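Engineer: Pasting an experimental structure, sequence included:
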Amino acid sequence: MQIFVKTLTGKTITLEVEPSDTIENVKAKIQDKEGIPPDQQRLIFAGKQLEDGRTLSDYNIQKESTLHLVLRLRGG
Amino acid sequence: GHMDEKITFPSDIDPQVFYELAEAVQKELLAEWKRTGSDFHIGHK
């Protein structure tokens, strides 16, 4: 499947994933597209911040769906 | 002093998605971006 990660600029980076793709692995694909380490992304979906240990299905994110890149600001 | 605060919107983060995403996330983030003062390095490039 694919999903549309809208950057906070609004550059929608489409990427191919699986409903069982973990956020850790999705963020690694984002790092491949955007150049931001996964540990430093704050991935958002519909206002829900996702966590590394979870999956697209854990948030009921399916194909042809839209995500958001936000920064962690590595606050701690 | 001068330029004690410097929220910036690079080729990776722009106000429009910020206005369009969940308002509660925008408020939380805006507090992040202004408490650091210069948002550290939004876009991280």
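Structural biologist: Everything's here; your move. Numbers count the residues shown, from 1 in each chain, chains lettered A, B, ... in the order given.
Engineer: Give me the distance between residue B:17 and residue A:6.
Structural biologist: Going from residue B:17 to residue A:6 by Cβ to Cβ, to the nearest Å gives 6 Å. Backbone N, C-alpha and C define where each C-beta goes, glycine included.
Engineer: what residues are shared contacts of those two?
Structural biologist: Here residue B:17 and residue A:6 have residue A:68 as joint contacts, going by Cβ atoms under 8 Å, 6 or more residues apart in numbering or on different chains.
Engineer: Which positions in chain B make contact with chain A?
Structural biologist: Where chain B comes near chain A, counting by Cβ under 8 Å from any Cβ of the partner chain, the residues are B:9-14, B:16-18, B:21-22, B:24-25, B:29, B:32-33, B:36, B:39-40, B:42-45.
Engineer: Residue of chain B nearest chain A, please.
Structural biologist: In chain B, the residue found nearest to chain A is residue B:22; the distance is 2.8 Å by Cβ to the nearest Cβ.
Engineer: Report the contact partners of that residue.
Structural biologist: A:44, A:46, A:47.
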